[PDB]
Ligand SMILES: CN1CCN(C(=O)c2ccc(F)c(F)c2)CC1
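The chain below stands alone and is given in structure tokens; this is the form deposited without the named molecule.
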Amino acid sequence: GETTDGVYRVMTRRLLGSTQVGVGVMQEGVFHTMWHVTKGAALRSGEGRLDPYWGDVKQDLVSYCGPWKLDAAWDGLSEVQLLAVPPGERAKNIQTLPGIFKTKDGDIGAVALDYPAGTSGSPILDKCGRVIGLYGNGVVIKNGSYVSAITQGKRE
């Protein structure tokens, strides 16, 4: 299949028409998405097959073809950009100062941008263009909007 780095739509024909179920990141020959997008299923790229390599339902991450490659971190200070790929709409960058998820196991960056569920997996970038994590795992807030962690995996 297509193995060029960049951001990809994840699609199914299992419903009416072609439906976008989420998004992911191709880096160093590895496809990166959220677990709730694919539920760990194999993916087609052209007539190529992408088989799952690593996943963790609790982290809500999954890699295809190789080990998680993405190792950059929110600095805790600087704005970031969601590279939102919404269903049927062009890739669009959205710049935002993340808030914080406070957890018993530590603080996580969080982004307060409301997009359809099929945007799940769009990358969050720093100022140098590095993927600091993925959008689409978080919480519906007092206001009814969705606030997403910045979800990052570990690189071995």
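Residue numbers run from 1 along the displayed sequence.
The same protein also has a form deposited with the named molecule bound, omitted here; what follows describes it.
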{"property": "Placed ligand check: the named molecule in the bound PDB entry, overlay by site C-alphas, backbone/C-beta within 2.4 Å", "result": "blocked"}
{"property": "Listed residue that, although the named molecule is not shown, lies within 4.5 Å of it in the bound PDB entry (heavy atoms), from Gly129, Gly48, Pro67, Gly29", "result": "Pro67"}
{"property": "The named molecule in the bound PDB entry - contacting residues of 49-83, heavy atom within 4.5 Å", "result": "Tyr53, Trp54, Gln59, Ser63, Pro67, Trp68"}
